[PDB]
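As structure tokens, the structure follows; a few thoughts come after it.
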Amino acid sequence: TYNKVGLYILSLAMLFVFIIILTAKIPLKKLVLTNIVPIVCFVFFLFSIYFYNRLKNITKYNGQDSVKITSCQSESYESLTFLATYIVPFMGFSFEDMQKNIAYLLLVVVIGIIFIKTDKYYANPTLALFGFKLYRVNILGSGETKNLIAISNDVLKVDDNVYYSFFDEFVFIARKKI
Amino acid sequence: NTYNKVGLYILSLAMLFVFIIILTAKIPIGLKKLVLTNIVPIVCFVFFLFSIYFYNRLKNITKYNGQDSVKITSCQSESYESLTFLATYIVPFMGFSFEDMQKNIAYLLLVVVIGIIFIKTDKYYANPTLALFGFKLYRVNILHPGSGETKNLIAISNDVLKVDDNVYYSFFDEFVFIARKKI
Amino acid sequence: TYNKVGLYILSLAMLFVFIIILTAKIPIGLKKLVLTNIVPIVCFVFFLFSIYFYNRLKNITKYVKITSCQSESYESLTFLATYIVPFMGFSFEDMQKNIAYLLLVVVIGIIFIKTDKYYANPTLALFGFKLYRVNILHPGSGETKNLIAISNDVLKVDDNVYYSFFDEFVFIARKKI
Amino acid sequence: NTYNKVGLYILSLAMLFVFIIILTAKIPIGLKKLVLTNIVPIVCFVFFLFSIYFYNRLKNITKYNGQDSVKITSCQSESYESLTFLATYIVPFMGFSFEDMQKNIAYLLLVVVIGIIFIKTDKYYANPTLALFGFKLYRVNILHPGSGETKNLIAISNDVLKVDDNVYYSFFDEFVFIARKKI
Ligand SMILES: CCCCCCCCCCC(CCCCCCCCCC)(CO[C@@H]1O[C@H](CO)[C@@H](O[C@H]2O[C@H](CO)[C@@H](O)[C@H](O)[C@H]2O)[C@H](O)[C@H]1O)CO[C@@H]1O[C@H](CO)[C@@H](O[C@H]2O[C@H](CO)[C@@H](O)[C@H](O)[C@H]2O)[C@H](O)[C@H]1O
């Protein structure tokens with residue numbers, strides 16, 4: 001599953017637009033040699049667009065059905081991920097001096113280690129602009145399935161057809177068939 | 001009615017505008033020069049009159065000529081998340097230097113992006129600066145007499161909501177509304 | 001009982017030591033040297049006021065049965081409100097920054113603490129103070145409930161202490177041998 | 001036993017020393033005045049070597065053998081108090097450009113006073129930087145085969161603790177200890 005790093009690029013997906021705005025020493029290969037982080041962020045933005053297309057067409061396949069939807073509930077977001085991965089790199093990447101961005105980019109490592117769990121890096125509140133929503137679904141053929149938090153592009157009513165992909169053993173992708 | 005939805009968010013960020021005009025302004029007549037070196041203070045002042053306008057709108061929205069008297073069955077205090085304060089107000093006090101307009105453009109884009117996120121994830125009342133203007137969250141259950149029943153609605157009002165007293169309503173979405181006490 | 005400002009000044013006692021170290025600009029000394037550092041003069045006057053309030057709070061209680069006794073679990077949010085943010089604001093070399101940080105002190109005053117439990121700053125624990133939750137029973141009708149004590153010493157069930165009532169929720173007491 | 005307590009607190013304040021060393025360090029035969037010019041990274045390097053010395057000391061407090069075996073009756077998770085991260089780490093990140101030694105002396109007094117409250121109020125293990133070195137809190141009801149039974153003690157350990165397994169006690173106060181898994 002190489003798409004696991006695809007969601008994390010799609011998790012940020014708009015911070016790379018901010019670094020283009022923030023660090024841009026525009027007035028030739030000299031201008032290419034003066035700023036490098038804009039080029040890296042542009043490559044990552046293009047990769048984010050490609051992973052968005054892959055996540056868009058990744059649910060359309062020949063997989064012969066998952067389940068009818070059983071009892072489920074909403075999840076909502078964790079704002080600590082948005083304070084960790086989005087505000088602090090934004091403050092790191094605008095200070096100049098070459099010596100403060102290293103400190104703030106180590107602070108984001110410290111917050112990512114000690115304040116949030118390893119598996120809960122997919123619950124980014126930035127991943128709400130692209131029509132995404134999580135529902136915790138108890139899937140019950142397929143078999144018994146519990147504690148599987150599903151990424152969905154629409155609402156999830158009960159007792160209806162749904163196609164599935166798989167992302168991890170905690171998370172997966174679902175699309176509603178009518 | 002999503003126009004007032006972004007308006008609650010822009011009302012809950014007026015003290016940020018006050019912090020910006022306090023932190024930024026360079027007051028020593030002058031006409032063009034005083035306008036030119038202070039563009040961020042007058043922009044945040046325009047945003048401040050926008051927030052005052054939306055305060056006037058949120059005060060006047062309740063008397064909508066409906067005269068409804070929906071009663072209260074269960075009510076309990078919700079409180080704010082108290083991280084939405086840290087998500088919008090930690091920015092100008094972490095050392096952000098308002099020197100070039102590129103950084104101010106990036107900051108305004110961050111405010112717009114965080115507003116779109118907070119609108120879409122149903123966290124536009126979660127900012128704890130809403131209690132500064134006076135607004136208390138109550139998880140309340142209205143009766144809606146004679147035409148059905150609702151469940152698990154979040155109400156914002158500037159007065160105390162006890163149990164079993166009829167109120168008005170002014171809905172934002174299907175989940176969030178605003179009441180005031182009948183007198 | 002105006003002594004609520006007595007405990008508030010004693011709560012910020014070690015803060016005024018910081019501002020003396022921080023914002024003083026002492027290098028021949030004239031009256032001008034006194035008049036530039038007006039803020040250290042006010043902080044020193046408040047420090048002597050805190051010394052007086054320490055000497056007064058040493059013997060406020062002058063000349064009962066205790067039922068419940070639980071720990072209080074000191075809140076750190078009052079420490080983030082009134083201690084580290086004025087220390088941030090008071091060293092920035094221009095007036096607008098401390099004005100802004102004092103305004104944020106006001107904001108993380110009213111909008112966060114819901115200030116009736118402002119007494120529980122952990123700087124008081126430096127000055128030999130401990131907090132306990134108590135229900136009082138006495139032949140003074142014992143009617144007060146959900147009472148919280150601030151003391152220099154530990155308490156337990158049925159401990160003879162002298163009440164020195166402070167507010168609706170607060171008193172000061174020590175045990176009797 | 002307060003020496004081990006302030007050792008645990010100064011082990012918690014380790015990435016702050018690393019952050020100060022990163023944040024203020026002047027990168028520019030006779031070049032021997034660099035110790036005089038760069039005094040803050042030198043004293044923070046001395047502090048960092050001290051912090052790793054208390055870490056190496058705390059790694060083998062439980063190595064002291066006395067044939068210790070006590071049976072754990074219950075286990076939970078307490079988790080670090082999230083607010084105490086902001087009380088010791090917000091100083092070099094909410095501004096505070098390092099300057100003449102008056103401000104550094106004030107910051108040293110603030111760190112010392114922070115330690116003086118945090119020892120007295122029993123919130124030295126509450127710092128969440130301790131999980132970076134690897135430490136998981138477990139509220140344990142532990143029964144001693146001996147004089148009596150103890151209740152509601154907070155345990156710090158480098159291993160995961162299950163139900164009914166034996167540990168080694170290294171009591172700081174009567175409330176906390178650092179333990180290792182029986183093997
Ligand atoms: C401008 C400068 C000053 C501003 C200060 C303003 C206040 C800021 C404090 C904010 C803050 C931590 C933020 C940490 C900093 C983040 C990195 C910082 C980066 C910069 C370097 C602490 O907030 C405080 O936390 C205390 C302990 O949590 C709590 O006390 C309590 O004591 C008793 C229990 O011991 C108890 O009995 C008592 O009832 C309480 O009261 C306090 O009431 C509360 O105010 C809030 O964090 C909280 O905890 C989580 C995260 O850990 C996180 O939510 C999680 O849990 C939810 C439960 O449902 C769940 O719903 C969420 O899904 C989940 O995710 C949220 O964030 C927030 O819920």
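Ligands are numbered from 1 in the order shown, residues from 1 within each chain, and chains are lettered A, B, ... in the order they appear in the structure tokens.
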
Could you list, as a PDB file with N, CA, C and O atoms, in the first residue's frame, the residues of chain A having an atom within 9 Å of chain B when counting only C-alpha atoms?
ATOM      1  N   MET A  14      -2.270  22.045   1.133  1.00  0.00           N
ATOM      2  CA  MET A  14      -2.524  23.476   1.065  1.00  0.00           C
ATOM      3  C   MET A  14      -1.460  24.274   1.795  1.00  0.00           C
ATOM      4  O   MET A  14      -1.273  25.456   1.484  1.00  0.00           O
ATOM      5  N   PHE A  18       1.087  27.798   0.907  1.00  0.00           N
ATOM      6  CA  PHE A  18       1.529  28.880   1.784  1.00  0.00           C
ATOM      7  C   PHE A  18       3.025  29.136   1.670  1.00  0.00           C
ATOM      8  O   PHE A  18       3.459  30.289   1.767  1.00  0.00           O
ATOM      9  N   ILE A  19       3.825  28.088   1.465  1.00  0.00           N
ATOM     10  CA  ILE A  19       5.273  28.266   1.408  1.00  0.00           C
ATOM     11  C   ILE A  19       5.680  28.927   0.097  1.00  0.00           C
ATOM     12  O   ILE A  19       6.703  29.622   0.033  1.00  0.00           O
ATOM     13  N   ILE A  21       3.812  31.309  -1.167  1.00  0.00           N
ATOM     14  CA  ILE A  21       3.524  32.703  -0.846  1.00  0.00           C
ATOM     15  C   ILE A  21       4.557  33.257   0.132  1.00  0.00           C
ATOM     16  O   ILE A  21       5.017  34.397  -0.009  1.00  0.00           O
ATOM     17  N   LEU A  22       4.972  32.446   1.110  1.00  0.00           N
ATOM     18  CA  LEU A  22       5.852  32.929   2.174  1.00  0.00           C
ATOM     19  C   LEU A  22       7.276  33.149   1.678  1.00  0.00           C
ATOM     20  O   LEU A  22       7.780  34.277   1.678  1.00  0.00           O
ATOM     21  N   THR A  23       7.947  32.082   1.261  1.00  0.00           N
ATOM     22  CA  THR A  23       9.327  32.163   0.793  1.00  0.00           C
ATOM     23  C   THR A  23       9.298  32.240  -0.727  1.00  0.00           C
ATOM     24  O   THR A  23       9.094  31.231  -1.405  1.00  0.00           O
ATOM     25  N   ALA A  24       9.488  33.444  -1.261  1.00  0.00           N
ATOM     26  CA  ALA A  24       9.543  33.641  -2.707  1.00  0.00           C
ATOM     27  C   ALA A  24      10.404  34.874  -2.960  1.00  0.00           C
ATOM     28  O   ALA A  24       9.921  36.002  -2.844  1.00  0.00           O
ATOM     29  N   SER A  76     -16.010  13.260  13.982  1.00  0.00           N
ATOM     30  CA  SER A  76     -15.472  14.624  14.055  1.00  0.00           C
ATOM     31  C   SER A  76     -13.945  14.641  14.116  1.00  0.00           C
ATOM     32  O   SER A  76     -13.290  13.598  14.031  1.00  0.00           O
ATOM     33  N   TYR A  77     -13.359  15.827  14.211  1.00  0.00           N
ATOM     34  CA  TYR A  77     -11.929  15.989  13.996  1.00  0.00           C
ATOM     35  C   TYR A  77     -11.177  16.171  15.305  1.00  0.00           C
ATOM     36  O   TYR A  77     -11.766  16.440  16.354  1.00  0.00           O
ATOM     37  N   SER A  79      -8.385  18.702  16.637  1.00  0.00           N
ATOM     38  CA  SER A  79      -7.757  19.966  16.278  1.00  0.00           C
ATOM     39  C   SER A  79      -6.277  20.020  16.626  1.00  0.00           C
ATOM     40  O   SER A  79      -5.577  20.919  16.139  1.00  0.00           O
ATOM     41  N   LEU A  80      -5.787  19.087  17.450  1.00  0.00           N
ATOM     42  CA  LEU A  80      -4.374  19.080  17.815  1.00  0.00           C
ATOM     43  C   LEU A  80      -3.488  18.749  16.625  1.00  0.00           C
ATOM     44  O   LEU A  80      -2.353  19.231  16.553  1.00  0.00           O
ATOM     45  N   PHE A  82      -4.181  19.820  13.591  1.00  0.00           N
ATOM     46  CA  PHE A  82      -4.090  21.086  12.871  1.00  0.00           C
ATOM     47  C   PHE A  82      -3.194  22.085  13.580  1.00  0.00           C
ATOM     48  O   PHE A  82      -2.577  22.927  12.924  1.00  0.00           O
ATOM     49  N   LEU A  83      -3.118  22.031  14.907  1.00  0.00           N
ATOM     50  CA  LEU A  83      -2.172  22.910  15.582  1.00  0.00           C
ATOM     51  C   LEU A  83      -0.745  22.413  15.398  1.00  0.00           C
ATOM     52  O   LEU A  83       0.188  23.219  15.345  1.00  0.00           O
ATOM     53  N   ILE A  87       0.197  25.072  11.869  1.00  0.00           N
ATOM     54  CA  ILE A  87       0.592  26.377  12.397  1.00  0.00           C
ATOM     55  C   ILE A  87       2.102  26.441  12.615  1.00  0.00           C
ATOM     56  O   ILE A  87       2.764  27.406  12.214  1.00  0.00           O
ATOM     57  N   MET A  91       5.003  28.873  11.023  1.00  0.00           N
ATOM     58  CA  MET A  91       5.862  29.814  11.735  1.00  0.00           C
ATOM     59  C   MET A  91       7.329  29.481  11.567  1.00  0.00           C
ATOM     60  O   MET A  91       8.186  30.368  11.645  1.00  0.00           O
ATOM     61  N   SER A  94       8.725  30.943   8.051  1.00  0.00           N
ATOM     62  CA  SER A  94       8.844  32.395   7.911  1.00  0.00           C
ATOM     63  C   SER A  94       9.498  32.970   9.163  1.00  0.00           C
ATOM     64  O   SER A  94       8.820  33.457  10.068  1.00  0.00           O
ATOM     65  N   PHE A  95      10.826  32.907   9.211  1.00  0.00           N
ATOM     66  CA  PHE A  95      11.607  33.699  10.158  1.00  0.00           C
ATOM     67  C   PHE A  95      12.922  34.213   9.606  1.00  0.00           C
ATOM     68  O   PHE A  95      13.566  35.018  10.289  1.00  0.00           O
ATOM     69  N   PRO A 125      -7.553  18.155  10.106  1.00  0.00           N
ATOM     70  CA  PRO A 125      -8.682  19.011   9.722  1.00  0.00           C
ATOM     71  C   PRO A 125      -8.493  19.724   8.404  1.00  0.00           C
ATOM     72  O   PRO A 125      -9.476  20.251   7.871  1.00  0.00           O
ATOM     73  N   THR A 126      -7.269  19.778   7.869  1.00  0.00           N
ATOM     74  CA  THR A 126      -7.068  20.280   6.517  1.00  0.00           C
ATOM     75  C   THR A 126      -7.758  19.391   5.492  1.00  0.00           C
ATOM     76  O   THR A 126      -8.259  19.892   4.481  1.00  0.00           O
ATOM     77  N   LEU A 127      -7.862  18.095   5.770  1.00  0.00           N
ATOM     78  CA  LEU A 127      -8.615  17.153   4.946  1.00  0.00           C
ATOM     79  C   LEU A 127     -10.116  17.248   5.248  1.00  0.00           C
ATOM     80  O   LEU A 127     -10.765  16.358   5.777  1.00  0.00           O
ATOM     81  N   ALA A 128     -10.661  18.428   4.969  1.00  0.00           N
ATOM     82  CA  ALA A 128     -12.096  18.656   4.901  1.00  0.00           C
ATOM     83  C   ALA A 128     -12.500  19.499   3.716  1.00  0.00           C
ATOM     84  O   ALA A 128     -13.696  19.569   3.412  1.00  0.00           O
ATOM     85  N   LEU A 129     -11.553  20.168   3.058  1.00  0.00           N
ATOM     86  CA  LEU A 129     -11.871  20.951   1.875  1.00  0.00           C
ATOM     87  C   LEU A 129     -12.239  20.061   0.699  1.00  0.00           C
ATOM     88  O   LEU A 129     -13.113  20.422  -0.096  1.00  0.00           O
ATOM     89  N   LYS A 133     -15.123  13.044   4.801  1.00  0.00           N
ATOM     90  CA  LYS A 133     -15.821  12.919   6.076  1.00  0.00           C
ATOM     91  C   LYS A 133     -15.585  11.521   6.623  1.00  0.00           C
ATOM     92  O   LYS A 133     -15.627  10.550   5.863  1.00  0.00           O
TER      93      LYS A 133
END

Non-local contacts of region 160-164 of chain D (7 Å; only C-alpha atoms; under 6 positions in same chain excluded) as a count of residues only: 5

Please report, as JSON lines, each residue of chain C lying at most 10 Å from ligand 1, together with the nearest pair of atoms and the separation in Å rounded to one decimal; use only C-alpha atoms and all ligand atoms, and order rows by chain and ascending residue number.
{"residue": "C:73", "atom": "CA", "partner": "ligand 1", "partner_atom_place_in_ligand_line": "32 (O)", "distance": 8.4}
{"residue": "C:74", "atom": "CA", "partner": "ligand 1", "partner_atom_place_in_ligand_line": "32 (O)", "distance": 9.5}
{"residue": "C:75", "atom": "CA", "partner": "ligand 1", "partner_atom_place_in_ligand_line": "30 (O)", "distance": 7.5}
{"residue": "C:76", "atom": "CA", "partner": "ligand 1", "partner_atom_place_in_ligand_line": "26 (C)", "distance": 8.3}
{"residue": "C:77", "atom": "CA", "partner": "ligand 1", "partner_atom_place_in_ligand_line": "45 (O)", "distance": 6.7}
{"residue": "C:78", "atom": "CA", "partner": "ligand 1", "partner_atom_place_in_ligand_line": "5 (C)", "distance": 9.6}
{"residue": "C:79", "atom": "CA", "partner": "ligand 1", "partner_atom_place_in_ligand_line": "3 (C)", "distance": 9.9}
{"residue": "C:80", "atom": "CA", "partner": "ligand 1", "partner_atom_place_in_ligand_line": "3 (C)", "distance": 6.1}
{"residue": "C:81", "atom": "CA", "partner": "ligand 1", "partner_atom_place_in_ligand_line": "3 (C)", "distance": 6.9}
{"residue": "C:84", "atom": "CA", "partner": "ligand 1", "partner_atom_place_in_ligand_line": "3 (C)", "distance": 8.9}
{"residue": "C:85", "atom": "CA", "partner": "ligand 1", "partner_atom_place_in_ligand_line": "2 (C)", "distance": 7.5}
{"residue": "C:101", "atom": "CA", "partner": "ligand 1", "partner_atom_place_in_ligand_line": "1 (C)", "distance": 9.3}
{"residue": "C:104", "atom": "CA", "partner": "ligand 1", "partner_atom_place_in_ligand_line": "1 (C)", "distance": 7.5}
{"residue": "C:105", "atom": "CA", "partner": "ligand 1", "partner_atom_place_in_ligand_line": "1 (C)", "distance": 8.9}
{"residue": "C:107", "atom": "CA", "partner": "ligand 1", "partner_atom_place_in_ligand_line": "1 (C)", "distance": 9.4}
{"residue": "C:108", "atom": "CA", "partner": "ligand 1", "partner_atom_place_in_ligand_line": "6 (C)", "distance": 7.0}
{"residue": "C:111", "atom": "CA", "partner": "ligand 1", "partner_atom_place_in_ligand_line": "6 (C)", "distance": 9.9}
{"residue": "C:112", "atom": "CA", "partner": "ligand 1", "partner_atom_place_in_ligand_line": "6 (C)", "distance": 7.4}
{"residue": "C:113", "atom": "CA", "partner": "ligand 1", "partner_atom_place_in_ligand_line": "45 (O)", "distance": 8.2}

Output file for the selection above: N, CA, C and O atoms, as a PDB file, in the first residue's frame:
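Written file, result06.pdb:
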ATOM      1  N   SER C  73      -5.670  19.295  43.666  1.00  0.00           N
ATOM      2  CA  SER C  73      -5.085  19.233  42.323  1.00  0.00           C
ATOM      3  C   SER C  73      -4.988  20.617  41.686  1.00  0.00           C
ATOM      4  O   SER C  73      -5.871  20.995  40.909  1.00  0.00           O
ATOM      5  N   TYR C  74      -4.001  21.398  42.154  1.00  0.00           N
ATOM      6  CA  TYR C  74      -3.618  22.720  41.639  1.00  0.00           C
ATOM      7  C   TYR C  74      -3.754  22.858  40.127  1.00  0.00           C
ATOM      8  O   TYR C  74      -3.283  22.007  39.369  1.00  0.00           O
ATOM      9  N   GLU C  75      -4.404  23.935  39.693  1.00  0.00           N
ATOM     10  CA  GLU C  75      -4.574  24.208  38.273  1.00  0.00           C
ATOM     11  C   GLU C  75      -3.377  24.984  37.745  1.00  0.00           C
ATOM     12  O   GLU C  75      -2.947  25.963  38.358  1.00  0.00           O
ATOM     13  N   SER C  76      -2.849  24.547  36.609  1.00  0.00           N
ATOM     14  CA  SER C  76      -1.727  25.223  35.977  1.00  0.00           C
ATOM     15  C   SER C  76      -2.159  26.338  35.037  1.00  0.00           C
ATOM     16  O   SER C  76      -1.305  27.105  34.571  1.00  0.00           O
ATOM     17  N   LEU C  77      -3.461  26.456  34.759  1.00  0.00           N
ATOM     18  CA  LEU C  77      -3.927  27.456  33.804  1.00  0.00           C
ATOM     19  C   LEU C  77      -3.832  28.863  34.368  1.00  0.00           C
ATOM     20  O   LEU C  77      -3.607  29.813  33.612  1.00  0.00           O
ATOM     21  N   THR C  78      -3.976  29.017  35.684  1.00  0.00           N
ATOM     22  CA  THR C  78      -3.735  30.317  36.295  1.00  0.00           C
ATOM     23  C   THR C  78      -2.262  30.693  36.210  1.00  0.00           C
ATOM     24  O   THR C  78      -1.923  31.877  36.080  1.00  0.00           O
ATOM     25  N   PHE C  79      -1.374  29.695  36.261  1.00  0.00           N
ATOM     26  CA  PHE C  79       0.046  29.969  36.069  1.00  0.00           C
ATOM     27  C   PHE C  79       0.346  30.376  34.632  1.00  0.00           C
ATOM     28  O   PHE C  79       1.192  31.244  34.399  1.00  0.00           O
ATOM     29  N   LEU C  80      -0.308  29.751  33.651  1.00  0.00           N
ATOM     30  CA  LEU C  80      -0.128  30.224  32.279  1.00  0.00           C
ATOM     31  C   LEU C  80      -0.788  31.575  32.051  1.00  0.00           C
ATOM     32  O   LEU C  80      -0.384  32.312  31.149  1.00  0.00           O
ATOM     33  N   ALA C  81      -1.795  31.920  32.849  1.00  0.00           N
ATOM     34  CA  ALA C  81      -2.465  33.199  32.664  1.00  0.00           C
ATOM     35  C   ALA C  81      -1.632  34.347  33.215  1.00  0.00           C
ATOM     36  O   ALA C  81      -1.233  35.246  32.471  1.00  0.00           O
ATOM     37  N   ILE C  84       3.551  33.529  33.271  1.00  0.00           N
ATOM     38  CA  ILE C  84       4.519  33.422  32.190  1.00  0.00           C
ATOM     39  C   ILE C  84       4.250  34.464  31.102  1.00  0.00           C
ATOM     40  O   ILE C  84       5.183  34.921  30.432  1.00  0.00           O
ATOM     41  N   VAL C  85       3.008  34.912  30.945  1.00  0.00           N
ATOM     42  CA  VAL C  85       2.676  35.907  29.925  1.00  0.00           C
ATOM     43  C   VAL C  85       3.067  37.329  30.347  1.00  0.00           C
ATOM     44  O   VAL C  85       3.601  38.057  29.497  1.00  0.00           O
ATOM     45  N   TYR C 101       0.503  42.119  25.239  1.00  0.00           N
ATOM     46  CA  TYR C 101       0.538  40.941  26.096  1.00  0.00           C
ATOM     47  C   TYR C 101      -0.260  41.154  27.376  1.00  0.00           C
ATOM     48  O   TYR C 101      -0.816  40.196  27.918  1.00  0.00           O
ATOM     49  N   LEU C 104      -3.700  40.395  26.272  1.00  0.00           N
ATOM     50  CA  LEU C 104      -3.916  38.949  26.250  1.00  0.00           C
ATOM     51  C   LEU C 104      -3.973  38.367  27.661  1.00  0.00           C
ATOM     52  O   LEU C 104      -4.648  37.358  27.880  1.00  0.00           O
ATOM     53  N   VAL C 105      -3.317  39.008  28.634  1.00  0.00           N
ATOM     54  CA  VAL C 105      -3.494  38.621  30.035  1.00  0.00           C
ATOM     55  C   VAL C 105      -4.943  38.833  30.458  1.00  0.00           C
ATOM     56  O   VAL C 105      -5.553  37.968  31.101  1.00  0.00           O
ATOM     57  N   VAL C 107      -7.476  38.768  28.345  1.00  0.00           N
ATOM     58  CA  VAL C 107      -8.277  37.800  27.588  1.00  0.00           C
ATOM     59  C   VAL C 107      -8.234  36.409  28.226  1.00  0.00           C
ATOM     60  O   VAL C 107      -9.284  35.818  28.504  1.00  0.00           O
ATOM     61  N   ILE C 108      -7.042  35.905  28.583  1.00  0.00           N
ATOM     62  CA  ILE C 108      -6.911  34.604  29.256  1.00  0.00           C
ATOM     63  C   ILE C 108      -7.113  34.790  30.761  1.00  0.00           C
ATOM     64  O   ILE C 108      -6.809  33.912  31.572  1.00  0.00           O
ATOM     65  N   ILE C 111     -11.956  35.131  29.576  1.00  0.00           N
ATOM     66  CA  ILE C 111     -12.589  34.129  28.712  1.00  0.00           C
ATOM     67  C   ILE C 111     -12.200  32.693  29.031  1.00  0.00           C
ATOM     68  O   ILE C 111     -12.860  31.769  28.542  1.00  0.00           O
ATOM     69  N   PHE C 112     -11.179  32.465  29.858  1.00  0.00           N
ATOM     70  CA  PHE C 112     -10.694  31.111  30.111  1.00  0.00           C
ATOM     71  C   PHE C 112     -10.916  30.624  31.535  1.00  0.00           C
ATOM     72  O   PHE C 112     -11.439  29.524  31.730  1.00  0.00           O
ATOM     73  N   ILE C 113     -10.508  31.399  32.542  1.00  0.00           N
ATOM     74  CA  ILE C 113     -10.477  30.864  33.900  1.00  0.00           C
ATOM     75  C   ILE C 113     -11.865  30.829  34.526  1.00  0.00           C
ATOM     76  O   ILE C 113     -12.118  30.002  35.414  1.00  0.00           O
TER      77      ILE C 113
END

With a cut-off of 10 Å and counting only C-alpha atoms, select all residues of chain B in contact with chain C and give the selection as a VMD selection string. chain B and resid 15 to 16 18 to 26 80 82 85 89 93 128 to 134

Writer output for current selection, N, CA and C atoms, as a short mmCIF file (atom, residue, chain, number, x, y, z; two decimals), in the first residue's frame:
data_model
loop_
_atom_site.label_atom_id
_atom_site.label_comp_id
_atom_site.auth_asym_id
_atom_site.auth_seq_id
_atom_site.Cartn_x
_atom_site.Cartn_y
_atom_site.Cartn_z
N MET B 15 -11.16 40.43 18.62
CA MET B 15 -10.04 40.73 19.50
C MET B 15 -8.70 40.46 18.84
N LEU B 16 -8.66 39.57 17.83
CA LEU B 16 -7.47 39.44 17.00
C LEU B 16 -7.20 40.72 16.22
N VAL B 18 -8.10 43.71 17.19
CA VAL B 18 -7.63 44.66 18.20
C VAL B 18 -6.16 44.41 18.55
N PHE B 19 -5.78 43.14 18.68
CA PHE B 19 -4.38 42.79 18.93
C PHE B 19 -3.48 43.22 17.78
N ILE B 20 -3.96 43.09 16.54
CA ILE B 20 -3.14 43.45 15.39
C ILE B 20 -2.95 44.97 15.31
N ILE B 21 -4.01 45.76 15.55
CA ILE B 21 -3.83 47.21 15.45
C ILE B 21 -2.99 47.71 16.63
N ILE B 22 -3.07 47.04 17.79
CA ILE B 22 -2.21 47.39 18.92
C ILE B 22 -0.75 47.05 18.62
N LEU B 23 -0.51 45.86 18.06
CA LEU B 23 0.85 45.37 17.85
C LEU B 23 1.54 46.02 16.66
N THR B 24 0.79 46.49 15.67
CA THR B 24 1.37 46.85 14.39
C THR B 24 1.53 48.36 14.19
N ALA B 25 0.55 49.16 14.63
CA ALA B 25 0.41 50.55 14.22
C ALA B 25 1.59 51.42 14.66
N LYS B 26 1.94 52.37 13.79
CA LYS B 26 3.18 53.14 13.92
C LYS B 26 2.89 54.63 14.05
N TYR B 80 -16.69 25.29 25.47
CA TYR B 80 -15.93 25.35 24.24
C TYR B 80 -14.81 24.31 24.25
N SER B 82 -11.63 25.00 23.64
CA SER B 82 -10.48 25.72 24.20
C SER B 82 -9.15 25.36 23.53
N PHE B 85 -9.01 28.62 20.47
CA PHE B 85 -8.25 29.80 20.87
C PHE B 85 -6.80 29.68 20.45
N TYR B 89 -5.12 32.46 17.56
CA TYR B 89 -4.54 33.57 18.32
C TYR B 89 -3.07 33.38 18.64
N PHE B 93 1.53 36.29 18.09
CA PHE B 93 2.32 36.38 19.32
C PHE B 93 3.38 35.30 19.40
N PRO B 128 -13.32 30.21 21.96
CA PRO B 128 -13.68 30.70 23.29
C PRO B 128 -13.71 32.20 23.41
N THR B 129 -13.39 32.94 22.35
CA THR B 129 -13.54 34.38 22.36
C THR B 129 -15.01 34.79 22.21
N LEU B 130 -15.89 33.85 21.87
CA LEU B 130 -17.31 34.14 21.81
C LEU B 130 -17.89 34.46 23.19
N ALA B 131 -17.27 33.98 24.26
CA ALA B 131 -17.71 34.34 25.60
C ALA B 131 -17.29 35.75 26.00
N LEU B 132 -16.37 36.37 25.26
CA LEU B 132 -15.97 37.74 25.56
C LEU B 132 -17.07 38.72 25.21
N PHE B 133 -17.74 38.53 24.07
CA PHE B 133 -18.90 39.34 23.74
C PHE B 133 -20.13 38.92 24.54
N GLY B 134 -20.11 37.72 25.09
CA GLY B 134 -21.20 37.21 25.90
C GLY B 134 -22.07 36.26 25.11
#

Could you work out how far CA of residue 158 (chain D) lies from CA of residue 51 (chain D), giving the answer in Å with one decimal?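 Between CA of residue 51 (chain D) and CA of residue 158 (chain D) the gap is 17.7 Å.
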
To test your reading of the structure, identify every residue in chain C that backbone DSSP assigns to helix (DSSP H, G or I), and report it as a PyMOL selection string. chain C and resi 4-11+13-23+31-36+38-57+77-82+84-89+95-113+118-120+122-125

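The least-squares superposition of chain B onto chain D, using every Cα atom in order, ends with an RMSD of 1.0 Å.
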
Apply DSSP to the structure's backbone, then extract all residues of chain D labelled strand (DSSP E) and return them as a list in words. residues 70, 71, 72, 73, 74, 75, 136, 137, 138, 139, 140, 141, 142, 143, 153, 154, 155, 156, 157, 166, 167, 176, 177, 178 and 179 of chain D

I want to know what sits within 9 Å of region 143-159 of chain C, based on only C-alpha atoms, with residues of the same chain fewer than 4 positions away left out; could you give that as number ranges by chain? C: 64-70, 72, 127-138, 168-176

Students should find that CA of residue 70 (chain B) and CA of residue 167 (chain B) are spaced 5.5 Å

Residue 79 (chain D) environment, 9 Å, only C-alpha atoms, sequence neighbours closer than 6 positions dropped, as an NGL selection string: :D and (126 or 128 or 136-138)
